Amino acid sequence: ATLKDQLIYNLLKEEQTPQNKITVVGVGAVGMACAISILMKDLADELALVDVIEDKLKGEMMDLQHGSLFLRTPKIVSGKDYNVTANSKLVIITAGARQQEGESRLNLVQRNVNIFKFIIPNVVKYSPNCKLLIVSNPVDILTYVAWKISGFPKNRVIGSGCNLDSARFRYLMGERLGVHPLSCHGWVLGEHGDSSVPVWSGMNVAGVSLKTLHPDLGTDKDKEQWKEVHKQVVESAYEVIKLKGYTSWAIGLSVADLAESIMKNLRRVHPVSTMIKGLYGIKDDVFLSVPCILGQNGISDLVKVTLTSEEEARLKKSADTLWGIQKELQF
């Protein structure tokens, strides 16, 4: 007798299990930039949002839902409880705590571990077979933490790692050459952020190695100072923090790009953080960025990049420092 029943005849009310569901944990600026970019790329048939701040969480959910007319993602849900995350193919973690003035790395990392001790087991409960994509900083250590806590095989725990660093690098490279960043190739690997390593040998347009054309490239004897492109990648990040307080759009776009490869099983190669034990003479359980093949199983393969001695030593130093912190952590 109702209006819905006058208007619509139902053939059946079966099942309803999402096929391409994504969860974002943490609805700060980063989380929401991930959400919007993922929504506008039509990657998911369901999106779930989780946070501990319940008002903010509900408000962000509602705001996205109100744009449903202009999207092709028919179900957006949110909640403090992880039942809303059930059956996710991909779970993206941006949650964590902010470092404070004077706080040690060890103490900041330990705080995030304690946070992950609540997040990860509940993610796993409701999506045992998902891929985990860790964005929270320090991303290389927290990828390790998520791997450790989740018990997932290595291929399904991915750190955003040097994906943002490389995108920034390619942007700057584009600007200098007057070429779209898509056609400017170059890889920043190792530890995300301050200690990242630009691999000068790979820097190229149309297969033409910039290093080969200009052997001083990357060295201090370069009159054109191409090393500065990498230094401006790092300066860029501090500047964006200083100017707007946080970074959101670029990270969100980059994470959506990782999600596309994973959700559509593309097997594209991205610079992301993976268990690096057994490479570059690293013998500890540490995660660092190398180019990885990303698809439906997460990281199925990785590329073995030939590094100069200086590049190797820089990754190996990063690995030593990360393990130094990691081995003092309490799970």
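Residue numbers here begin at 1 and follow the sequence given. The term rigid core refers to the most C-alpha atoms you can superpose between the two forms while keeping them within 1.5 Å.
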property	result
Core-fitted comparison in 9 other deposited structures of this protein, 118-126 vs 229-237, farther C-alphas	229-237
RMS CA shift, core-fitted in 9 other deposited structures of this protein, bigger for 109-117 or for 197-205	109-117
Entry-level comparison of average CA B-factors, 313-321 and 7-15, reporting the higher stretch	7-15
90-98 set against 169-177, stretch whose average Cα temperature factor tops the other in the entry	90-98
Deposited CA B-factor, highest of 109, 77, 258, 251	109
Residue, from 264, 304, 268, 283, that the PDB entry assigns the highest Cα B-factor	283
Chain-wide C-alpha B factor ranking for residue 187, given as lowest, middle or highest third	lowest
Residue 239, C-alpha B-factor rank within chain (lowest, middle or highest third)	middle
Chain third (lowest, middle, highest) by recorded CA B-factor, residue given as residue 213	highest
Third of the chain's Cα B-factor distribution that residue 194 belongs to, per the entry	middle
Ranked C-alpha temperature factor of residue 117 among modelled chain residues, by third	middle
